[PDB]
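The chain that follows stands alone, in the form whose entry title says "inward-facing", written as structure tokens.
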């Protein structure tokens, strides 16, 4: 194909504008995923209780601390309990002579009158709106899992649709569905409905990701292609910083979700001015429409020689693309061939670890340190040099040691974060930030390495299985957080162990650098 791009302009004004336009959309798309660090933050809470919260009652001389100690019992954090209150005010507990056996469990009851939440950091969150606390606490990671399952189902449905209807049509309607479903999720009347709309938003997020990447690859001349995928990968890195920047200003979840959704109406509107993939159009037997797209890009780039193209030249020079329809293949072909079984297993395990680890950790920053705005910023700011350093080492050291060292770095940081005591919040923050940086570098490595481990007709299928395994692992990410009832060390032990085991597995892969 590339000779037509050479004649039309292989990296010109059009590709520059298109790359910028698609990067910006990927930034906002990243915010949609990272949002529920802030949209679903857990403010500290207690039961509603008469002496504290009944402002219509008769006045009293006692200070707030005394009233609180008189009304809500102590809990595991050496602080007021978040799910229980005294059945009647424990005036006896005010005296300095008091002891812990002055009351018993029979003196307590659950939050019959509901909960009171701290409004100092966030004005509202879904947790505060629908009381996703105490016996309902599991519903938050469930909501996150339903979103990520939406991405899996959407990626599965995108393939057939992308090949049947085209790259740009599916991209356009995905932008529209993101705008509409995000706006609808902002105004959901009940929690099940919020889950439904987040699922339907995720279904479209998958389409935007896949077709953004594909539509760049089908319009970029090969000499510039690695750079374009690098910039595409940096879009997510800038998205983390943008999430922190937006969420620091908009402290109200409905307004925050709406604010990050509205941009996709503009993305929808400008996706009509992009061209459809010329490869796809010729492959599907529509060469006159392909000629229109090619002459349009030539007009934007300013090449005078647009007269040199004809549908005969297109059909002659793109026949080697058209011929690709001859040979279908299946995922079983990866496991039937005696040697490729081992490569497939280990490669797929690496793809899983990035998904399981990244979306396990990056969606509960509130557990990693004292300030979640700076944490969300830094898992972008560190992501940038991690990705660039990964490319450098991946060029000079080879694929195998770079992937292995990256995953082991991630795993050992996350595991060390179990041992560092809760007093040292800054060091805990730093270790978790470095862990997520290593996970990003590992994503960079495995994307490239999986494109080299396999014979060229199975290459696409191997990467496809890998990406669907990453998406499938992301679903299990948040669910593993439910193990926290046994202590916060256990979820972190799992999130740390998976990348160590897969890193040591990657050491068994064969090196693919030419020498």
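We call the rigid core whatever largest set of C-alpha positions still superposes within 1.5 Å between the two forms. Positions refer to the first chain, counted from 1.
Omitted from view is the form whose entry title says "outward-facing", to which the following refers.
- Shift analysis on the rigid core between this form and the one not shown singles out 346 from 156, 134, 176, 346 (C-alpha displacement of 2 Å or more).
- With the core held fixed, the Cα of residue 38 is displaced between this form and the one not shown by less than 2 Å.
- With the core held fixed, residue 488 shows a CA shift of 2 Å or greater between this form and the one not shown.
- In a rigid-core overlay of the protein, residue 210 has its C-alpha displaced by under 2 Å between this form and the one not shown.
- Relative to the displayed conformation, the Cα-Cα distance from residue 142 to residue 368 grows by 3 Å or more in the other entry.
- Between residue 391 and residue 220, the Cα spacing is smaller in the other entry than in the shown form, differing by no less than 3 Å.
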